[PDB]
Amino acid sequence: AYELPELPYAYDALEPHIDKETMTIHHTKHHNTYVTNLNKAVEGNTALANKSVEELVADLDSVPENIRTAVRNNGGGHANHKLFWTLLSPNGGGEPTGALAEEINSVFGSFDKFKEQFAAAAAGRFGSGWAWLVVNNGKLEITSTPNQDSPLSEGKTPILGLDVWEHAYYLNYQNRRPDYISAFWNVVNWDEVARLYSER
């Protein structure tokens, strides 16, 4: 009984970094489709349905082989986008602070180095996928996954993610993925990332 979450802001609140039309289609069509298909996949499996989408994707091995693909793709779609909306803000941007900033400077050397490495991962993901900042064994690291696969399935907790499926940027940037990635930094809600960091 999963549901499509409402956005924390207006559809045009992230302009011009992300266009109103993309936000509208991305949320009401793409994300919504993952929710619809996810509910159809777990229909009848009270056990799986009672778990949060994150818990569900965290253990795909416990999902029946007959619907494992559907849960992987659609569960991943729902988990990834639900997190993604909460990481954006019309009042975001800037740089991390507190414990998160300290960890970033210690692991990557500096926030600028982190952005360079994160941008490289996002640009290097061939095909559809996501670029991530996760906590693995209590350590921060950058990774990328294909399609709707989530780091949660490998025991890693994402605290920042960038959707690099073409639907996330084609209307305003077309083939210019690097320009989309650069614009991303202007809307990142580092306060939310910091909260997820503490929880991870």
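Start at 1 and count along the sequence shown; that's the residue number.
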(Q) Averaging CA B factors per stretch from the PDB record, which one is higher: 1-9 or 190-198? (A) 1-9
Q: Between 23-31 and 37-45, name whichever shows the higher mean Cα B factor according to the PDB entry.
A: 37-45
Q. Which has the highest CA B-factor per the PDB entry: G138, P146, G161, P151?
A. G138
Q. From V107, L83, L88, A123, which pick has the Cα B-factor that tops the rest in the entry?
A. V107
Q) Based on the entry's values, in what third of the chain does the Cα temperature factor of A131 lie: lowest, middle or highest? A) lowest
**Q.** CA B-factor ranking of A168, expressed as a third of its chain
**A.** lowest
Q. Sorting the chain's CA B-factors, does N50 end up in the lowest, middle or highest third?
A. highest
(Q) Where does the C-alpha B-factor of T157 rank in its chain, lowest, middle or highest third? (A) middle
